[PDB]
Number of protein chains: 4
Amino acid sequence: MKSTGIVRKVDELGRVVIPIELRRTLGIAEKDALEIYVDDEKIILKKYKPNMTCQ
Amino acid sequence: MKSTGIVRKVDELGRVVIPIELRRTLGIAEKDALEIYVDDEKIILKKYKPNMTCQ
Amino acid sequence: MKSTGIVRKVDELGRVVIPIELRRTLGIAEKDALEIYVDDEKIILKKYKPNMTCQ
Amino acid sequence: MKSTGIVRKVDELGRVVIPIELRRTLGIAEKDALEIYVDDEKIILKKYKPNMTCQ
DNA sequence: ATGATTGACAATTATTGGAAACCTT
DNA sequence: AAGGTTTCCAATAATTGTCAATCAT
């Protein structure tokens, strides 16, 4: 009902943050690594995956 | 080709720092608000209209 | 500045500036090598010679 | 001073230089601009050109 | 109130610029 | 010699991690 998903300001240090209300209510998304899907002009971030290219 | 993308490492406590490569390549100013839509376990990060900015 | 056919400034003493992303794209370290060749009147920059599997 | 196809070592830097023979043949300024373009995994640098980002 | 989340600041590392040394006509 | 080129070092700054303050139930 709050600002769980829609838009948020990016930090001046170049960091995007997850809405407080979202993470504070449902920790259904961990933080450490994520999959970057560059869909033309939109960056879709999915759950972390191995995808190891080299040791 | 399958459901996979670029493996990005962010902060283990949060701070979703999008790829530095794309940041400078596309020229994404990190001083405004970016759209963040939650889709199950993935989040769509984009601008109001990134397909009509440098175009 | 990506290599999408974009020009960039050289240097007061003449030095080809390699952008962060470009350096990372080539996969070269601060202990690598670059083969400088020429085609007609253009500079052909070739990455380091692996000659070994990624291990 | 032909250095056509010379392997330049990359030390603790990030950017490199262009061989004297190539530099002289280029016929450009010291602080000129080189058109950076890619080729699979190699790079093709042409002479100055009015090519700007998003323009 | 207290533990967890987020934003701010600081430290580290990468890159670009400049100065110095060596080479060549 | 001296002008040119290249290599090394220093400075700048962008980025990521740490963590301390605050708020929600």
# chains A, B, ... in the order shown; residues from 1 in each chain; ligands from 1
$ select_by_dssp --residues "chain A" --states "helix (DSSP H, G or I)" --output "PyMOL selection string"
chain A and resi 20-25
$ residues_around --residues "stretch 3-5 of chain D" --least-positions-apart "4" --cutoff "10 Å" --atoms "only C-alpha atoms (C1' of nucleotides)" --output "list in words"
residues 34, 35, 36, 37, 38, 39, 43, 44, 45 and 46 of chain C; 18, 19, 20, 21 and 22 of chain D
$ write_last_selection --atoms "N, CA, C and O atoms" --output "mmCIF file, in the first residue's frame"
data_model
loop_
_atom_site.group_PDB
_atom_site.id
_atom_site.type_symbol
_atom_site.label_atom_id
_atom_site.label_comp_id
_atom_site.auth_asym_id
_atom_site.auth_seq_id
_atom_site.Cartn_x
_atom_site.Cartn_y
_atom_site.Cartn_z
ATOM 1 N N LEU C 34 49.861 -5.369 -25.463
ATOM 2 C CA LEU C 34 48.980 -4.992 -26.561
ATOM 3 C C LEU C 34 49.765 -4.941 -27.867
ATOM 4 O O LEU C 34 50.829 -4.322 -27.929
ATOM 5 N N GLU C 35 49.256 -5.589 -28.904
ATOM 6 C CA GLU C 35 49.934 -5.588 -30.188
ATOM 7 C C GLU C 35 49.405 -4.452 -31.050
ATOM 8 O O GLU C 35 48.216 -4.400 -31.373
ATOM 9 N N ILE C 36 50.293 -3.539 -31.405
ATOM 10 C CA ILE C 36 49.932 -2.388 -32.214
ATOM 11 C C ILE C 36 50.310 -2.601 -33.674
ATOM 12 O O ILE C 36 51.495 -2.646 -34.026
ATOM 13 N N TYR C 37 49.296 -2.748 -34.509
ATOM 14 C CA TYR C 37 49.483 -2.937 -35.939
ATOM 15 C C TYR C 37 48.821 -1.774 -36.676
ATOM 16 O O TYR C 37 48.222 -0.903 -36.046
ATOM 17 N N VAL C 38 48.927 -1.748 -37.992
ATOM 18 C CA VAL C 38 48.334 -0.676 -38.775
ATOM 19 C C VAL C 38 47.759 -1.213 -40.079
ATOM 20 O O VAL C 38 48.343 -2.093 -40.712
ATOM 21 N N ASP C 39 46.593 -0.707 -40.441
ATOM 22 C CA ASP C 39 45.937 -1.091 -41.681
ATOM 23 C C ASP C 39 45.762 0.150 -42.536
ATOM 24 O O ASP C 39 44.897 0.979 -42.257
ATOM 25 N N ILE C 43 44.984 2.630 -36.998
ATOM 26 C CA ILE C 43 45.664 1.867 -35.961
ATOM 27 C C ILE C 43 44.870 0.625 -35.588
ATOM 28 O O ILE C 43 43.700 0.713 -35.213
ATOM 29 N N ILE C 44 45.511 -0.524 -35.706
ATOM 30 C CA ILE C 44 44.886 -1.791 -35.367
ATOM 31 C C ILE C 44 45.407 -2.270 -34.021
ATOM 32 O O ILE C 44 46.541 -2.741 -33.912
ATOM 33 N N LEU C 45 44.586 -2.137 -32.998
ATOM 34 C CA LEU C 45 44.974 -2.546 -31.659
ATOM 35 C C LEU C 45 44.473 -3.951 -31.359
ATOM 36 O O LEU C 45 43.270 -4.215 -31.383
ATOM 37 N N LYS C 46 45.402 -4.856 -31.103
ATOM 38 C CA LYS C 46 45.059 -6.230 -30.782
ATOM 39 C C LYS C 46 45.368 -6.512 -29.320
ATOM 40 O O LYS C 46 46.385 -6.054 -28.793
ATOM 41 N N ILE D 18 51.275 5.287 -29.144
ATOM 42 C CA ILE D 18 51.291 4.859 -30.533
ATOM 43 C C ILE D 18 52.716 4.963 -31.069
ATOM 44 O O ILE D 18 53.392 5.956 -30.806
ATOM 45 N N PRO D 19 53.198 3.933 -31.796
ATOM 46 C CA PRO D 19 54.551 3.928 -32.373
ATOM 47 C C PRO D 19 54.870 5.214 -33.128
ATOM 48 O O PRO D 19 53.997 5.792 -33.774
ATOM 49 N N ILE D 20 56.129 5.638 -33.058
ATOM 50 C CA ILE D 20 56.586 6.865 -33.712
ATOM 51 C C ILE D 20 56.239 6.890 -35.204
ATOM 52 O O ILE D 20 55.751 7.899 -35.711
ATOM 53 N N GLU D 21 56.470 5.777 -35.894
ATOM 54 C CA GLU D 21 56.187 5.700 -37.325
ATOM 55 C C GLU D 21 54.691 5.859 -37.601
ATOM 56 O O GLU D 21 54.293 6.553 -38.539
ATOM 57 N N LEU D 22 53.864 5.244 -36.766
ATOM 58 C CA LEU D 22 52.421 5.335 -36.923
ATOM 59 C C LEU D 22 51.955 6.741 -36.580
ATOM 60 O O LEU D 22 51.133 7.325 -37.280
#
$ interface_residues --of "chain A" --to "chain F" --cutoff "10 Å" --atoms "only C-alpha atoms (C1' of nucleotides)" --output "ChimeraX atom specification"
/A:13-15,21,24-25
$ atom_distance --atom1 "atom CA of residue B:53" --atom2 "atom CA of residue B:26"
10.1 Å
$ atom_distance --atom1 "atom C1' of residue E:12" --atom2 "atom CA of residue A:50"
26.6 Å
$ calpha_fit_and_write --fixed "chain D" --moving "chain A" --output "CSV table (one decimal) with N, CA and C atoms, in the first residue's frame"
chain,number,residue,atom,x,y,z
A,1,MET,N,61.0,0.9,-41.1
A,1,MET,CA,62.0,-0.1,-40.9
A,1,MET,C,62.2,-0.4,-39.5
A,2,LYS,N,61.8,0.5,-38.6
A,2,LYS,CA,61.8,0.3,-37.2
A,2,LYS,C,60.5,-0.2,-36.7
A,3,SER,N,60.2,0.0,-35.4
A,3,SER,CA,59.0,-0.5,-34.8
A,3,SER,C,57.9,0.5,-35.1
A,4,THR,N,57.5,0.7,-36.3
A,4,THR,CA,56.5,1.7,-36.7
A,4,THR,C,55.1,1.1,-36.4
A,5,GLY,N,54.9,-0.2,-36.6
A,5,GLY,CA,53.6,-0.8,-36.4
A,5,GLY,C,53.8,-2.3,-36.2
A,6,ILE,N,53.3,-2.8,-35.1
A,6,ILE,CA,53.4,-4.2,-34.8
A,6,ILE,C,52.8,-4.6,-33.4
A,7,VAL,N,53.5,-4.1,-32.4
A,7,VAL,CA,53.1,-4.3,-31.0
A,7,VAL,C,53.8,-3.4,-30.0
A,8,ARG,N,53.2,-3.0,-28.9
A,8,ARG,CA,53.8,-2.1,-28.0
A,8,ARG,C,53.2,-2.4,-26.6
A,9,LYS,N,54.0,-2.1,-25.5
A,9,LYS,CA,53.5,-2.3,-24.2
A,9,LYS,C,52.6,-1.2,-23.7
A,10,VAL,N,51.5,-1.6,-23.0
A,10,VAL,CA,50.5,-0.7,-22.5
A,10,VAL,C,51.0,-0.1,-21.2
A,11,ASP,N,50.8,1.1,-21.0
A,11,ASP,CA,51.3,1.8,-19.7
A,11,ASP,C,50.5,1.2,-18.5
A,12,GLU,N,51.2,1.2,-17.4
A,12,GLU,CA,50.7,0.6,-16.1
A,12,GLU,C,49.5,1.3,-15.7
A,13,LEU,N,49.2,2.5,-16.2
A,13,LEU,CA,48.1,3.3,-15.9
A,13,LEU,C,46.9,3.0,-16.8
A,14,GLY,N,47.1,2.0,-17.7
A,14,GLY,CA,46.1,1.6,-18.6
A,14,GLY,C,46.0,2.6,-19.8
A,15,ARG,N,47.1,2.8,-20.4
A,15,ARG,CA,47.2,3.7,-21.6
A,15,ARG,C,48.0,3.1,-22.7
A,16,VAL,N,47.4,3.1,-23.9
A,16,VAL,CA,48.2,2.6,-25.0
A,16,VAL,C,48.9,3.8,-25.7
A,17,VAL,N,50.1,3.6,-26.1
A,17,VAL,CA,50.8,4.6,-26.7
A,17,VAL,C,51.3,4.3,-28.2
A,18,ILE,N,51.4,5.3,-29.0
A,18,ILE,CA,51.8,5.2,-30.4
A,18,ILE,C,53.3,5.1,-30.4
A,19,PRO,N,53.9,4.1,-31.2
A,19,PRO,CA,55.3,3.9,-31.4
A,19,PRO,C,56.0,5.3,-31.6
A,20,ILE,N,57.1,5.5,-30.9
A,20,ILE,CA,57.9,6.7,-31.1
A,20,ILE,C,58.3,7.0,-32.5
A,21,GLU,N,58.9,5.9,-33.1
A,21,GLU,CA,59.4,6.0,-34.5
A,21,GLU,C,58.3,6.4,-35.4
A,22,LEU,N,57.1,6.0,-35.2
A,22,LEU,CA,55.9,6.3,-36.1
A,22,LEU,C,55.6,7.8,-36.0
A,23,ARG,N,55.3,8.3,-34.8
A,23,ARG,CA,54.9,9.6,-34.5
A,23,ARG,C,56.0,10.6,-34.8
A,24,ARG,N,57.2,10.2,-34.5
A,24,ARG,CA,58.4,11.1,-34.7
A,24,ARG,C,58.8,11.3,-36.1
A,25,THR,N,58.4,10.3,-37.0
A,25,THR,CA,58.7,10.4,-38.4
A,25,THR,C,57.5,10.9,-39.2
A,26,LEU,N,56.3,10.4,-39.0
A,26,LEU,CA,55.1,10.8,-39.7
A,26,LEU,C,54.0,11.1,-38.8
A,27,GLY,N,53.7,12.4,-38.6
A,27,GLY,CA,52.6,12.8,-37.8
A,27,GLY,C,51.3,12.8,-38.6
A,28,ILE,N,51.0,11.6,-39.1
A,28,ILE,CA,49.8,11.5,-40.0
A,28,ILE,C,48.6,11.1,-39.1
A,29,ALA,N,48.7,11.1,-37.8
A,29,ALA,CA,47.6,10.7,-36.9
A,29,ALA,C,47.6,11.6,-35.7
A,30,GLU,N,46.6,12.5,-35.6
A,30,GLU,CA,46.5,13.4,-34.4
A,30,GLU,C,46.1,12.6,-33.2
A,31,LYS,N,46.1,13.3,-32.1
A,31,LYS,CA,45.8,12.8,-30.8
A,31,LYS,C,44.8,13.7,-30.0
A,32,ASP,N,43.7,13.1,-29.7
A,32,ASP,CA,42.7,13.9,-28.9
A,32,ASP,C,41.4,13.0,-28.8
A,33,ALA,N,40.9,12.6,-29.9
A,33,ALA,CA,39.7,11.8,-30.0
A,33,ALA,C,39.8,10.8,-31.1
A,34,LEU,N,39.2,9.6,-30.9
A,34,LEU,CA,39.3,8.5,-31.9
A,34,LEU,C,38.0,7.7,-31.8
A,35,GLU,N,37.7,7.1,-33.0
A,35,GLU,CA,36.5,6.2,-33.1
A,35,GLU,C,36.8,4.8,-32.7
A,36,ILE,N,36.1,4.3,-31.7
A,36,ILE,CA,36.3,2.9,-31.3
A,36,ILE,C,35.4,1.9,-32.0
A,37,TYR,N,36.1,1.0,-32.7
A,37,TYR,CA,35.3,0.0,-33.5
A,37,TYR,C,35.6,-1.3,-32.8
A,38,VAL,N,34.7,-1.8,-31.9
A,38,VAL,CA,34.8,-3.0,-31.2
A,38,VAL,C,34.5,-4.2,-32.2
A,39,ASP,N,35.5,-4.7,-32.9
A,39,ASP,CA,35.3,-5.8,-33.8
A,39,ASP,C,35.5,-7.1,-33.2
A,40,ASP,N,34.5,-7.5,-32.4
A,40,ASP,CA,34.5,-8.8,-31.7
A,40,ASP,C,35.5,-8.8,-30.6
A,41,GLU,N,36.8,-9.1,-30.9
A,41,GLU,CA,37.9,-9.1,-30.0
A,41,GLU,C,39.0,-8.1,-30.2
A,42,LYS,N,38.9,-7.4,-31.4
A,42,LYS,CA,39.9,-6.5,-31.7
A,42,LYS,C,39.3,-5.0,-31.7
A,43,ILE,N,40.1,-4.1,-31.2
A,43,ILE,CA,39.6,-2.7,-31.1
A,43,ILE,C,40.3,-1.9,-32.2
A,44,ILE,N,39.5,-1.6,-33.2
A,44,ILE,CA,40.0,-0.8,-34.3
A,44,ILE,C,39.8,0.7,-34.0
A,45,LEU,N,40.8,1.4,-34.0
A,45,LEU,CA,40.7,2.9,-33.7
A,45,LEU,C,40.8,3.7,-35.0
A,46,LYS,N,39.8,4.4,-35.3
A,46,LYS,CA,39.8,5.2,-36.5
A,46,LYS,C,39.8,6.7,-36.1
A,47,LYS,N,39.9,7.6,-37.1
A,47,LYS,CA,40.0,9.0,-36.9
A,47,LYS,C,38.7,9.5,-36.2
A,48,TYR,N,38.9,10.6,-35.4
A,48,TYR,CA,37.8,11.2,-34.7
A,48,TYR,C,36.6,11.6,-35.5
A,49,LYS,N,35.4,11.4,-35.0
A,49,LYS,CA,34.2,11.8,-35.7
A,49,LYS,C,33.2,12.4,-34.7
A,50,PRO,N,32.3,13.3,-35.2
A,50,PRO,CA,31.3,13.9,-34.4
A,50,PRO,C,30.4,12.9,-33.6
A,51,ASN,N,29.5,12.3,-34.3
A,51,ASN,CA,28.6,11.3,-33.8
A,51,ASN,C,28.0,11.8,-32.4
A,52,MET,N,27.4,12.9,-32.5
A,52,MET,CA,26.8,13.5,-31.3
A,52,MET,C,25.4,12.9,-31.0
A,53,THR,N,25.3,12.3,-29.9
A,53,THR,CA,24.0,11.7,-29.5
A,53,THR,C,23.1,12.7,-28.8
A,54,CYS,N,23.6,13.6,-28.0
A,54,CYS,CA,22.8,14.6,-27.3
A,54,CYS,C,23.7,15.8,-27.0
A,55,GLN,N,23.1,16.9,-26.7
A,55,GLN,CA,23.8,18.1,-26.3
A,55,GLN,C,24.4,18.0,-24.9
$ closest_residue --among "E:14, E:1, E:9, E:20" --to "chain C" --atoms "only C-alpha atoms (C1' of nucleotides)"
E:14
$ select_by_dssp --residues "chain D" --states "strand (DSSP E)" --output "list in words"
residues 6, 7, 8, 9, 33, 34, 35, 36, 37, 38, 39, 42, 43, 44, 45 and 46 of chain D
$ decode --residues "stretch 33-51 of chain A" --atoms "N, CA and C atoms" --output "mmCIF file, in the first residue's frame"
data_model
loop_
_atom_site.group_PDB
_atom_site.id
_atom_site.type_symbol
_atom_site.label_atom_id
_atom_site.label_comp_id
_atom_site.auth_asym_id
_atom_site.auth_seq_id
_atom_site.Cartn_x
_atom_site.Cartn_y
_atom_site.Cartn_z
ATOM 1 N N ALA A 33 24.568 -10.304 -4.593
ATOM 2 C CA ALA A 33 24.815 -10.447 -6.016
ATOM 3 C C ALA A 33 23.493 -10.519 -6.759
ATOM 4 N N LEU A 34 23.483 -10.056 -7.999
ATOM 5 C CA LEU A 34 22.272 -10.060 -8.812
ATOM 6 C C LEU A 34 22.619 -10.230 -10.286
ATOM 7 N N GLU A 35 21.668 -10.735 -11.061
ATOM 8 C CA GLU A 35 21.868 -10.922 -12.489
ATOM 9 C C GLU A 35 21.375 -9.697 -13.242
ATOM 10 N N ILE A 36 22.257 -9.105 -14.029
ATOM 11 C CA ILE A 36 21.928 -7.915 -14.794
ATOM 12 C C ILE A 36 21.456 -8.258 -16.198
ATOM 13 N N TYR A 37 20.191 -7.982 -16.465
ATOM 14 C CA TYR A 37 19.619 -8.214 -17.777
ATOM 15 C C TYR A 37 19.420 -6.877 -18.475
ATOM 16 N N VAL A 38 20.359 -6.523 -19.339
ATOM 17 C CA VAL A 38 20.273 -5.272 -20.074
ATOM 18 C C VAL A 38 19.285 -5.422 -21.223
ATOM 19 N N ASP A 39 18.031 -5.115 -20.950
ATOM 20 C CA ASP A 39 16.990 -5.234 -21.951
ATOM 21 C C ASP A 39 16.828 -3.925 -22.708
ATOM 22 N N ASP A 40 17.757 -3.686 -23.627
ATOM 23 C CA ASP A 40 17.767 -2.487 -24.465
ATOM 24 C C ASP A 40 18.011 -1.216 -23.654
ATOM 25 N N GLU A 41 16.977 -0.707 -22.993
ATOM 26 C CA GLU A 41 17.107 0.515 -22.204
ATOM 27 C C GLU A 41 16.725 0.303 -20.741
ATOM 28 N N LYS A 42 16.233 -0.884 -20.411
ATOM 29 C CA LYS A 42 15.844 -1.176 -19.036
ATOM 30 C C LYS A 42 16.738 -2.254 -18.442
ATOM 31 N N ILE A 43 17.131 -2.048 -17.198
ATOM 32 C CA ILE A 43 18.002 -2.979 -16.503
ATOM 33 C C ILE A 43 17.201 -3.868 -15.562
ATOM 34 N N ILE A 44 16.912 -5.084 -15.996
ATOM 35 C CA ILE A 44 16.164 -6.016 -15.171
ATOM 36 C C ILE A 44 17.121 -6.799 -14.281
ATOM 37 N N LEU A 45 16.935 -6.695 -12.976
ATOM 38 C CA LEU A 45 17.796 -7.386 -12.030
ATOM 39 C C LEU A 45 17.105 -8.621 -11.477
ATOM 40 N N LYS A 46 17.707 -9.775 -11.699
ATOM 41 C CA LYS A 46 17.154 -11.033 -11.217
ATOM 42 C C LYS A 46 18.051 -11.615 -10.125
ATOM 43 N N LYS A 47 17.598 -12.696 -9.497
ATOM 44 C CA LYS A 47 18.353 -13.356 -8.432
ATOM 45 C C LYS A 47 19.757 -13.748 -8.894
ATOM 46 N N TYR A 48 20.682 -13.805 -7.945
ATOM 47 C CA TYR A 48 22.072 -14.153 -8.227
ATOM 48 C C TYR A 48 22.208 -15.556 -8.816
ATOM 49 N N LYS A 49 23.122 -15.685 -9.766
ATOM 50 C CA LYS A 49 23.403 -16.952 -10.423
ATOM 51 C C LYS A 49 24.912 -17.147 -10.504
ATOM 52 N N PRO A 50 25.387 -18.399 -10.598
ATOM 53 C CA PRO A 50 26.820 -18.685 -10.705
ATOM 54 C C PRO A 50 27.430 -18.053 -11.959
ATOM 55 N N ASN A 51 27.094 -18.620 -13.122
ATOM 56 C CA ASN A 51 27.578 -18.134 -14.420
ATOM 57 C C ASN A 51 29.071 -17.810 -14.379
#
